[PDB]
Each structure stands twice: as C-alpha cells, then as structure tokens.
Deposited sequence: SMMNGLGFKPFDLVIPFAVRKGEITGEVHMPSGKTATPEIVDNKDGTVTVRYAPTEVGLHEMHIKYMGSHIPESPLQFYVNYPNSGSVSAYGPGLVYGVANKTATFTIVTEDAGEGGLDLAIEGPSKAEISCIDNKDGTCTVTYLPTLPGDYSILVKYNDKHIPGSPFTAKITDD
C-alpha cells in the first residue's frame, strides 16, 4: 500500500498536534505527525485498507483549517488506471499542486473549484504521467479522472486548498 506522506504548513507552538485516520471499514488509527521545528509539520500513514480514507488533524483538540482531508488508497496488485499524490488531497493556493496518473495499462481530466484551473498531463514515458495545476483561490476542488467514459477508482477526487 502506498504510504500517505504530506507536509502541511502549520506552526505548532505551545499546543499539541494530533491526528486520526478513518478507514473504510470503520477502523480508526493514528497517523504519525512530526513537527519540523520550522513553519510546518509532516504527516505520514501506512494504509492497510483500500479506498476512501479520512485524515483529521487537530491542534489543541480543534480541527486545523487544512482538516479534515480525504485520500484514496489504491489496491497495489491492480493493473489498470490509478491516480495518487498530494495534489489529489491538499495544497496551498497559488503554489503548484501535483499528482500522478499511472497508465502502464482515452484519458479525460477536469479540475473545477473556486478558480479556473486547466490541467494537462505530461507523459513520463515510464507508463505514468504527471498533472500539475495551479489553484489560485482557496477552497474545495473536484478532480475528475476518467479512462473510458468511466471514472477510475477515487474519481472524482476532492482536494482541499487553503493558504494557512
């Protein structure tokens, strides 16, 4: 299972940053959270279930603005199409947001939220391509990925764009 790894720009001070991942079964687990003493923290988690997970991050008991987040965990042994990367989950407004589509196996992409974002992918020639978008305004962005008039697993995705 591809690990969840994310840098969030939240500056931890006197309070404790905590987290909770909710799995599709109903099980909860605690992600690993590391304060990079510096304006940020890093959240990591190793999935054991397939599909849509919720990540909650809190500071002093209360959700950060960047929280809750959604992420979709692909089945590894699965051939056929997939997407993954931080731009499906979270980004900062006016910084670049990126994810990967795997196509080692007709691709339709749209990104729609607060501001007009016009995706195009760039083929890595390694059976994957890389989408990068510029969400200029903060909000919730829906990212639609289809392979044959059909949503791939996780599509449409929702990525949360903040600025702090």
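- Against the full deposited sequence, the model leaves out several stretches, namely 1 to 7, 113 to 116.
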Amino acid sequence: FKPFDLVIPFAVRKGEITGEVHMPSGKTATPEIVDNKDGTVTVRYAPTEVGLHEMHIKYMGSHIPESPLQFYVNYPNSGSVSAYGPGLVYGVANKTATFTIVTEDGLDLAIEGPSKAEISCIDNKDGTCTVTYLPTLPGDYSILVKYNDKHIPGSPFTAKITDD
From here on, numbers count along this sequence of modelled residues.
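- In this crystal structure, the stretch out of 144 to 152 and 18 to 26 whose C-alpha atoms carry the higher mean B factor is 144 to 152.
- Higher average CA B factor: 109 to 117, of the stretches 109 to 117 and 127 to 135.
- Comparing C-alpha B-factors across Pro47, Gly39, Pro31, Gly61 in the deposited entry, the largest value falls on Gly39.
- Split the chain's modelled residues into thirds by C-alpha temperature factor. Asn94 is in the highest one.
- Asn74 sits in the lowest third of its chain by CA B factor, as recorded in the PDB entry.
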